Amino acid sequence: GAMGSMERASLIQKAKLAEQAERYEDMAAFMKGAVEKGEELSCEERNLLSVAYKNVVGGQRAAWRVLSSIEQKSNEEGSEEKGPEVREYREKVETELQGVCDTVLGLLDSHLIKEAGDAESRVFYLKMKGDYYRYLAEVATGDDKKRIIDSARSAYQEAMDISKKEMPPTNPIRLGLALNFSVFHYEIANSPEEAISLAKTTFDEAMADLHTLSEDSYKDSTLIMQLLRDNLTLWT
Amino acid sequence: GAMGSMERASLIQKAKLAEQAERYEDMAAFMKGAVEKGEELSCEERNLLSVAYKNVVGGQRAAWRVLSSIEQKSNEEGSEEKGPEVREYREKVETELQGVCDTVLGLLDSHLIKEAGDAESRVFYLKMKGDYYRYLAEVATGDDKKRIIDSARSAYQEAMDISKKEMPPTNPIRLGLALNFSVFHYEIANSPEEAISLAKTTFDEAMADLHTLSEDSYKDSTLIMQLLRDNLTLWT
Amino acid sequence: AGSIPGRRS
Amino acid sequence: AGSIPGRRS
Ligand SMILES: *Cc1ccc(NC(C)=O)cc1
Ligand SMILES: *Cc1ccc(NC(C)=O)cc1
Ligand SMILES: [Ca+2]
Ligand SMILES: [Ca+2]
Ligand SMILES: [Cl-]
Ligand SMILES: [Cl-]
Ligand SMILES: [Mg+2]
Ligand SMILES: [Mg+2]
């Protein structure tokens with residue numbers, strides 16, 4: 001399957017090389033290969049997967065927004081017809097974005113999530129699942145936009161339920177999940193009060209648990225807590 | 001030919017969109033399509049081609065250097081065998097870099113250069129030709145490395161001969177050609193004295209011609225003159 | 001509104 | 001040693 005003939009460990013090794021070379025498409029292809037070997041991923045391996053795809057879809061999203069914005073301007077009063085080109089190219093980028101999202105969601109469904117028993121692995125994958133439906137939701141306008149939104153909410157919510165049960169409030173994955181879910185509420189679900197409440201509660205419970213941490217953990221937790229604070233500053 | 005069914009003007013329009021979206025691979029594909037329509041390119045169209053490919057090959061070169069450097073470290077005394085992965089991936093990047101260079105060189109040869117009669121078009125394309133052999137030369141180690149080097153030198157030199165005959169010393173294309181050719185001397189041809197002399201002569205003749213320019217031209221010329229000066233500072 | 005940058009591993 | 005950046009059109 002492109003990568004079916006390369007060793008798992010070589011795929012991982014090359015994923016790290018690709019990251020150092022800022023070759024995120026290669027990185028993604030390599031970790032896709034790795035995943036398709038059928039073995040569970042270690043913590044570090046989960047991060048490599050996540051980072052690879054986040055960079056790919058991130059480039060796609062930034063491009064989409066640029067084009068979507070040109071498109072919206074062109075469809076204004078006094079704007080001159082330029083032809084179908086802007087919409088065509090926006091659609092091409094969009095199609096390629098969706099393909100990537102479906103690919104990640106595919107890997108999560110076949111079979112990362114059902115094999116993830118530990119809180120840290122399961123929450124990590126459900127977070128990803130919520131993220132990749134959220135990215136689909138950003139560009140969605142059709143019969144199943146709401147279903148797409150609900151798919152995100154549902155993956156996020158299950159992640160949260162487990163995270164609240166199994167992880168301390170300062171757990172970086174719990175924190176990043178809550179950050180992202182609160183962005184979902186604000187940007188996707190039209191629920192800015194939910195967004196603000198989640199971010200606030202998350203920040204305060206974490207604050208109260210920092211005393212239990214080592215210096216290295218403290219640095220990990222406070223970094224994400226600062227992202228929660230930045231959002232709150234913007235939103236309030 | 002992927003783009004054979006899209007209109008020339010749509011390919012150009014989409015190339016500009018791709019640049020705004022920082023989608024340089026698309027930009028390159030679009031201008032390749034444009035070129036393959038068989039009509040000569042305007043000045044602005046030449047720039048779009050040049051910018052598209054320069055960005056693509058630039059990403060490839062940066063990745064190559066990262067990997068080549070990991071590779072060289074790993075082949076040192078006391079360095080631990082990690083396997084063939086580093087070389088394999090360096091080779092993959094390298095192969096993809098060469099493909100892109102051959103593609104541009106292909107377009108220049110079929111048939112941009114032979115149809116370029118004006119000094120501004122001909123010099124522009126011969127400069128590109130020198131540049132893309134230079135990029136090949138950077139990664140070359142085989143039977144035809146010298147031939148690759150000579151191909152660059154020869155395209156650069158013909159560009160220079162025409163530029164000296166047909167353009168004023170402040171012409172941005174003449175200036176950028178001379179800058180790049182002087183990098184060639186320094187980085188590829190092991191001729192740092194040639195590099196320093198070219199850059200110096202170029203800078204001084206330009207200096208003496210600035211009086212003839214408008215404010216906008218003056219800004220164009222002095223910007224490249226500053227790149228000549230930066231190199232001279234580094235090299236002396 | 002910033003999500004996890006998650007760009008460097 | 002800087003060549004034409006030639007990155008923005
Ligand atoms: C989703 C997520 C959460 C946290 C981090 N940072 C660390 C240290 O884990 C990265 C991604
Ligand atoms: C090769 C080259 C030379 C000059 C420039 N800048 C301008 C204004 O032309 C770009 C590319
Ligand atoms: Ca398991
Ligand atoms: Ca002609
Ligand atoms: Cl298109
Ligand atoms: Cl490889
Ligand atoms: Mg094996
Ligand atoms: Mg036509």
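Below, chains carry the letters A, B, ... as their sequence lines are ordered, and counting in each starts from 1. Values below: all heavy atoms of this structure, side chains included; hydrogens, waters and symmetry mates excluded. All ligand and atom numbering here is 1-based and tracks the order in the structure.
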- Between the Ca ion (ligand 4) and B:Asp118, is there an N, O or S atom separated by less than 3.0 Å? no
- Message: I need the O(B:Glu115)-the Ca ion (ligand 4)-OE1(B:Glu40) angle, rounded to 10 degrees.
- Response: 90°
- Counting heavy atoms only, which part of B:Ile224 comes closer than 4.0 Å to ligand 2: side chain, backbone, both or neither? side chain
- Message: Within the structure provided, determine whether B:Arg134 and B:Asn180 are in side-chain contact (heavy-atom separation under 4.5 Å).
- Response: yes
- Message: Are A:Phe30 and A:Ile12 packed together at the side-chain level, in the sense that at least one heavy-atom pair is separated by less than 4.5 angstrom?
- Response: no
- Message: Between A:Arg122 and A:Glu158, does any side-chain N to carboxylate O distance fall below 4.0 Å?
- Response: yes
- Would you call B:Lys200-B:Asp204 a salt bridge at under 4.0 Å N-O? yes
- What's the atom name of the N, O or S in A:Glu7 nearest to the Mg ion (ligand 7)? OE1
